[PDB]
Amino acid sequence: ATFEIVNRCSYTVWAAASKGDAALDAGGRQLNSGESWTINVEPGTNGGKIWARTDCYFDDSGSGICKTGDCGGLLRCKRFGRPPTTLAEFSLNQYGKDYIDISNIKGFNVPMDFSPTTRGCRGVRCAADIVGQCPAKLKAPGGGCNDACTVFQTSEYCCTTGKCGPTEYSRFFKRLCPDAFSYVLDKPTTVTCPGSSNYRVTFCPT
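If you use the authors' numbering, the sequence shown corresponds to residues 1 to 206, in order.
The structure is reproduced here in structure tokens:
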């Protein structure tokens with residue numbers, strides 16, 4: 001499957017793509033404002049994520065640090081990134097269908113649109129100013145708006161027991177971005193697409 005990753009932000013981002021135990025394609029790349037990066041993701045990939053990292057420094061060997069979404073200090077991510085990270089999430093070719101969503105369960109750093117470029121389903125978007133409106137206790141100094149599980153580490157926010165409800169913090173993310181997951185047991189906002197669709201992830205779509 002082809003993913004085109006487009007940075008429409010006015011600032012540089014470092015895109016990342018991983019399935020948690022391995023890079024997808026090259027795993028990461030710098031995207032200046034306006035740049036597009038096309039990756040290929042193997043059919044059947046389950047649990048892939050794409051995200052943006054902000055304020056990164058890397059040396060000539062690809063090793064460094066980012067203020068949001070850092071994946072163990074590597075330019076080419078093999079593991080998932082440190083919150084806060086707005087997440088584009090996907091599982092491909094699962095019994096004939098692709099499943100896509102955007103999640104704020106690990107916080108929010110950059111606004112995002114995640115849309116098919118082939119026919120047969122709709123896209124999803126979270127483009128509200130979540131960082132600007134972020135509650136004081138969730139603001140991350142490096143930038144971004146953390147989720148409450150990252151900040152407070154309770155069974156309720158992290159849904160550790162498999163039972164949890166919405167909270168004052170999850171309802172904030174949900175009020176600004178109804179089409180993104182706001183906590184682990186949120187009513188799903190997953191979109192079902194035809195198997196083997198292609199997609200575009202756009203940072204700062206507005």
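Backbone N, C-alpha and C fix where the C-beta goes; we use that ideal spot for every residue, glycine too.
If we count the other Cβ atoms within 10 Å of its Cβ and call it buried at 16 or more, is residue i buried or exposed?
i           : result
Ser-61      : exposed
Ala-15      : buried
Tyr-199     : buried
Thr-202     : buried
residue 209 : This structure leaves residue 209 out entirely; the chain is present only between 1 and 206.
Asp-98      : buried
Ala-1       : buried
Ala-52      : buried
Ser-63      : exposed
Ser-10      : exposed
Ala-140     : buried
Helix, strand or coil for residue i per DSSP?
i       : result
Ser-18  : strand
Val-131 : helix
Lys-139 : strand
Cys-193 : strand
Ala-1   : coil
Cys-9   : coil
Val-41  : coil
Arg-122 : coil
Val-151 : helix
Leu-31  : strand
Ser-170 : helix
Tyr-183 : coil
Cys-158 : helix
Do residue j and residue i count as a contact pair if the criterion is CB distance below 8 Å?
i       : j       : result
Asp-70  : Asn-104 : no
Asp-101 : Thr-189 : yes
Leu-185 : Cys-164 : yes
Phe-108 : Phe-173 : yes
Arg-76  : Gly-27  : yes
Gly-132 : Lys-67  : no
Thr-150 : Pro-83  : yes
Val-13  : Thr-54  : yes
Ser-33  : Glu-4   : no
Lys-78  : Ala-22  : yes
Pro-205 : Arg-29  : no
Taking CB distances under 8 Å as the criterion, tell me whether residue i reaches chain B.
i      : result
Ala-16 : Chain labels in this structure do not include chain B; a single protein chain is all it has.
Can you confirm whether the segment 110 to 117 touches the segment 77 to 89 when touching is taken to mean that 3 or more C-beta pairs between the two stretches lie within less than 8 Å? yes
At least three beta-carbon pairs within less than 8 Å, the segment 122 to 137 to the segment 168 to 184: yes
Complete beta strand (DSSP E) runs within the segment 46 to 118 (minimum length 3 residues, chain order): 48 to 53, 87 to 94, 97 to 103 and 112 to 116
With a threshold of 8 Å, are at least 3 pairs of Cβ atoms found where one atom belongs to the segment 29 to 46 and the other to the segment 90 to 104? A contact exists between the segment 29 to 46 and the segment 90 to 104.
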